[PDB]
>>> print(open('entry-v8.cif').read())   # mmCIF, C-alpha atoms
data_target
#
loop_
_atom_site.group_PDB
_atom_site.id
_atom_site.type_symbol
_atom_site.label_atom_id
_atom_site.label_comp_id
_atom_site.auth_asym_id
_atom_site.auth_seq_id
_atom_site.Cartn_x
_atom_site.Cartn_y
_atom_site.Cartn_z
ATOM 1 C CA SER Z 1 78.230 134.969 -99.464
ATOM 2 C CA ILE Z 2 81.943 134.269 -99.029
ATOM 3 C CA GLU Z 3 84.831 135.769 -101.010
ATOM 4 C CA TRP Z 4 88.075 134.837 -102.763
ATOM 5 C CA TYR Z 5 90.874 136.455 -100.765
ATOM 6 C CA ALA Z 6 94.085 136.575 -102.795
ATOM 7 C CA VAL Z 7 97.465 137.306 -101.212
ATOM 8 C CA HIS Z 8 101.060 137.621 -102.416
ATOM 9 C CA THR Z 9 103.906 135.220 -101.634
ATOM 10 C CA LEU Z 10 107.494 134.283 -102.491
ATOM 11 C CA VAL Z 11 108.290 133.015 -105.988
ATOM 12 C CA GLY Z 12 109.026 129.298 -105.887
ATOM 13 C CA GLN Z 13 108.024 128.982 -102.237
ATOM 14 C CA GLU Z 14 104.300 129.320 -102.990
ATOM 15 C CA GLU Z 15 104.078 125.593 -103.725
ATOM 16 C CA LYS Z 16 105.684 124.972 -100.333
ATOM 17 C CA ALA Z 17 103.647 127.638 -98.541
ATOM 18 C CA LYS Z 18 100.473 125.726 -99.405
ATOM 19 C CA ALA Z 19 101.505 122.709 -97.336
ATOM 20 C CA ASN Z 20 102.967 124.710 -94.451
ATOM 21 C CA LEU Z 21 99.875 126.919 -94.586
ATOM 22 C CA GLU Z 22 97.114 124.370 -95.222
ATOM 23 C CA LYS Z 23 98.533 122.431 -92.271
ATOM 24 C CA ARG Z 24 98.304 125.394 -89.900
ATOM 25 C CA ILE Z 25 94.770 126.124 -91.102
ATOM 26 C CA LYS Z 26 93.824 122.569 -90.132
ATOM 27 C CA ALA Z 27 96.066 122.361 -87.065
ATOM 28 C CA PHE Z 28 94.562 125.448 -85.426
ATOM 29 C CA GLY Z 29 91.084 124.714 -86.747
ATOM 30 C CA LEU Z 30 90.135 127.277 -89.383
ATOM 31 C CA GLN Z 31 88.424 124.961 -91.873
ATOM 32 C CA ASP Z 32 85.133 126.658 -90.968
ATOM 33 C CA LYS Z 33 86.185 129.954 -92.549
ATOM 34 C CA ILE Z 34 88.337 128.756 -95.447
ATOM 35 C CA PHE Z 35 86.450 126.698 -98.027
ATOM 36 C CA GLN Z 36 88.386 126.817 -101.302
ATOM 37 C CA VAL Z 37 92.093 127.187 -102.070
ATOM 38 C CA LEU Z 38 92.796 127.334 -105.806
ATOM 39 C CA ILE Z 39 96.217 128.154 -107.248
ATOM 40 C CA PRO Z 40 96.631 130.672 -110.126
ATOM 41 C CA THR Z 41 97.987 128.100 -112.580
ATOM 42 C CA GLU Z 42 96.618 126.768 -115.871
ATOM 43 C CA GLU Z 43 96.431 123.005 -116.378
ATOM 44 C CA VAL Z 44 97.659 121.220 -119.505
ATOM 45 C CA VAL Z 45 97.606 117.480 -120.184
ATOM 46 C CA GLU Z 46 100.001 115.860 -122.655
ATOM 47 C CA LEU Z 47 100.336 112.154 -123.445
ATOM 48 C CA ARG Z 48 102.500 110.269 -125.940
ATOM 49 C CA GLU Z 49 102.155 106.578 -125.095
ATOM 50 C CA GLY Z 50 99.991 104.326 -122.948
ATOM 51 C CA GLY Z 51 100.945 103.742 -119.332
ATOM 52 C CA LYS Z 52 103.074 106.826 -118.724
ATOM 53 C CA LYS Z 53 101.516 110.285 -118.454
ATOM 54 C CA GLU Z 54 103.003 113.649 -117.483
ATOM 55 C CA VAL Z 55 100.766 116.586 -116.566
ATOM 56 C CA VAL Z 56 102.001 120.116 -115.874
ATOM 57 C CA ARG Z 57 100.586 123.591 -115.249
ATOM 58 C CA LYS Z 58 101.637 127.167 -116.009
ATOM 59 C CA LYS Z 59 101.330 129.774 -113.257
ATOM 60 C CA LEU Z 60 99.297 132.680 -114.636
ATOM 61 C CA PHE Z 61 99.527 134.813 -111.494
ATOM 62 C CA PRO Z 62 103.048 134.490 -109.978
ATOM 63 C CA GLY Z 63 103.229 134.587 -106.193
ATOM 64 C CA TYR Z 64 99.431 134.643 -106.078
ATOM 65 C CA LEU Z 65 97.063 132.412 -104.105
ATOM 66 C CA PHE Z 66 93.270 132.525 -104.395
ATOM 67 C CA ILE Z 67 91.405 131.411 -101.270
ATOM 68 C CA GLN Z 68 87.612 131.362 -100.996
ATOM 69 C CA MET Z 69 87.580 132.241 -97.298
ATOM 70 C CA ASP Z 70 84.977 134.034 -95.178
ATOM 71 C CA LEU Z 71 86.506 137.168 -93.653
ATOM 72 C CA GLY Z 72 83.129 138.906 -93.752
ATOM 73 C CA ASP Z 73 82.840 139.079 -89.971
ATOM 74 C CA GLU Z 74 82.348 142.769 -89.217
ATOM 75 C CA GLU Z 75 85.254 145.217 -88.964
ATOM 76 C CA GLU Z 76 88.460 143.218 -89.362
ATOM 77 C CA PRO Z 77 89.012 139.609 -90.560
ATOM 78 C CA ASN Z 78 89.207 136.646 -88.182
ATOM 79 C CA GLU Z 79 92.253 134.829 -86.797
ATOM 80 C CA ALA Z 80 92.540 133.241 -90.251
ATOM 81 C CA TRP Z 81 94.350 136.359 -91.464
ATOM 82 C CA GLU Z 82 96.757 136.215 -88.523
ATOM 83 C CA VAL Z 83 97.752 132.643 -89.378
ATOM 84 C CA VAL Z 84 98.513 133.474 -93.007
ATOM 85 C CA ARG Z 85 100.306 136.680 -92.021
ATOM 86 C CA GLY Z 86 102.442 134.587 -89.680
ATOM 87 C CA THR Z 87 102.920 131.494 -91.839
ATOM 88 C CA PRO Z 88 106.490 130.994 -93.182
ATOM 89 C CA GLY Z 89 104.974 131.240 -96.654
ATOM 90 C CA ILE Z 90 104.104 134.924 -96.301
ATOM 91 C CA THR Z 91 106.114 138.061 -97.068
ATOM 92 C CA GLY Z 92 103.538 140.841 -96.997
ATOM 93 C CA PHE Z 93 100.905 142.278 -99.324
ATOM 94 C CA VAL Z 94 100.361 144.340 -102.479
ATOM 95 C CA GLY Z 95 100.855 147.519 -100.476
ATOM 96 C CA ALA Z 96 98.027 149.573 -101.961
ATOM 97 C CA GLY Z 97 95.082 150.179 -99.651
ATOM 98 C CA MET Z 98 94.433 147.143 -97.466
ATOM 99 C CA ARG Z 99 96.386 144.014 -96.530
ATOM 100 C CA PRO Z 100 94.441 141.417 -98.594
ATOM 101 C CA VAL Z 101 93.256 141.550 -102.205
ATOM 102 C CA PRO Z 102 89.687 140.212 -102.692
ATOM 103 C CA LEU Z 103 88.881 139.326 -106.303
ATOM 104 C CA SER Z 104 85.680 140.217 -108.159
ATOM 105 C CA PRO Z 105 82.980 137.667 -109.147
ATOM 106 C CA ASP Z 106 83.603 138.238 -112.857
ATOM 107 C CA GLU Z 107 87.319 137.738 -112.210
ATOM 108 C CA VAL Z 108 86.849 134.731 -109.927
ATOM 109 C CA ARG Z 109 85.042 132.777 -112.643
ATOM 110 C CA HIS Z 110 87.975 133.522 -114.951
ATOM 111 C CA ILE Z 111 90.661 132.502 -112.464
ATOM 112 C CA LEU Z 112 88.618 129.465 -111.416
ATOM 113 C CA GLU Z 113 87.931 128.276 -114.962
ATOM 114 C CA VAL Z 114 91.669 128.184 -115.654
ATOM 115 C CA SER Z 115 92.550 126.605 -112.308
ATOM 116 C CA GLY Z 116 90.299 123.566 -112.586
ATOM 117 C CA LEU Z 117 86.794 124.238 -111.284
ATOM 118 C CA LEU Z 118 84.597 125.448 -114.144
ATOM 119 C CA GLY Z 119 86.646 123.632 -116.766
#
>>> encode(input="entry-v8.cif", output="structure tokens")
Amino acid sequence: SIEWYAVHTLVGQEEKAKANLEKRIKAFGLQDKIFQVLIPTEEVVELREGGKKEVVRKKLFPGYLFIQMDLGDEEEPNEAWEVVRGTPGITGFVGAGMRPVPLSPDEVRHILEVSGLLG
């Protein structure tokens, strides 16, 4: 019933925007609308010896952030959008038709499988 709202951000600051953002979402109390918050980055594990392990991930969608929120209120989204639009980790939007950029189901499964949900 919900949807994956994806928005644009600053390159390099995205990783920092998550903390500054996630905090505001919990500080104000918006955990009821936002459920998931996956990052457009592929995971890759690499080990050489036992004891020490280093795992990294490649960002497929730069400056992109997929959030399975619930903006399906009625006309316009809830305060959740205001928080993100005001968070230090926000610059603007795609600049096409609307402010956000909801992904499609067929696309979500593809961006979620790479993130770390489906596999």
>>> resolve_selection(input="entry-v8.cif", expression="the PyMOL selection byres ((chain Z and resi 24) around 12)", output="PyMOL selection string")
chain Z and resi 17-23+25-31+34+79-89
>>> residues_around(input="entry-v8.cif", residues="range 57-64 of chain Z", least_positions_apart="2", cutoff="9 Å", atoms="all atoms listed in the file", output="PyMOL selection string")
chain Z and resi 6-14+39-45+55+66+111+114
>>> closest_residue(input="entry-v8.cif", among="Z:69, Z:5, Z:50, Z:75", to="residue 99 in chain Z", atoms="all atoms listed in the file")
Z:5
>>> atom_distance(input="entry-v8.cif", atom1="CA of residue 2 in chain Z", atom2="CA of residue 115 in chain Z")
18.6 Å
>>> atom_distance(input="entry-v8.cif", atom1="CA of residue 103 in chain Z", atom2="CA of residue 118 in chain Z")
16.5 Å
>>> atom_distance(input="entry-v8.cif", atom1="CA of residue 37 in chain Z", atom2="CA of residue 4 in chain Z")
8.7 Å
>>> residues_around(input="entry-v8.cif", residues="residue 46 in chain Z", least_positions_apart="6", cutoff="10 Å", atoms="all atoms listed in the file", output="NGL selection string")
:Z and (53-56)
>>> axis_aligned_box(input="entry-v8.cif", around="range 52-62 of chain Z", padding_each_side="6 Å", output="JSON")
{"center_x": 101.2, "center_y": 120.8, "center_z": -114.4, "size_x": 15.8, "size_y": 40.0, "size_z": 20.7}
>>> closest_residue(input="entry-v8.cif", among="Z:48, Z:33, Z:1, Z:38", to="residue 109 in chain Z", atoms="only C-alpha atoms")
Z:38
>>> closest_residue(input="entry-v8.cif", among="Z:92, Z:97, Z:102, Z:51", to="residue 70 in chain Z", atoms="all atoms listed in the file")
Z:102
>>> decode(input="entry-v8.cif", residues="range 96-107 of chain Z", atoms="C-alpha atoms", output="compact mmCIF listing (two decimals), in the first residue's frame")
# COMPACT_ATOMS: atom_id res chain seq x y z
CA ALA Z 96 10.57 17.46 -13.95
CA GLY Z 97 6.93 17.35 -12.89
CA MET Z 98 6.63 16.95 -9.13
CA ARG Z 99 8.99 17.35 -6.17
CA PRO Z 100 9.53 13.65 -5.29
CA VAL Z 101 10.28 10.68 -7.54
CA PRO Z 102 8.29 7.52 -6.62
CA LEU Z 103 9.75 4.33 -8.09
CA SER Z 104 7.78 1.55 -9.79
CA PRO Z 105 7.20 -1.93 -8.25
CA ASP Z 106 9.22 -3.62 -10.99
CA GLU Z 107 12.00 -1.11 -10.37
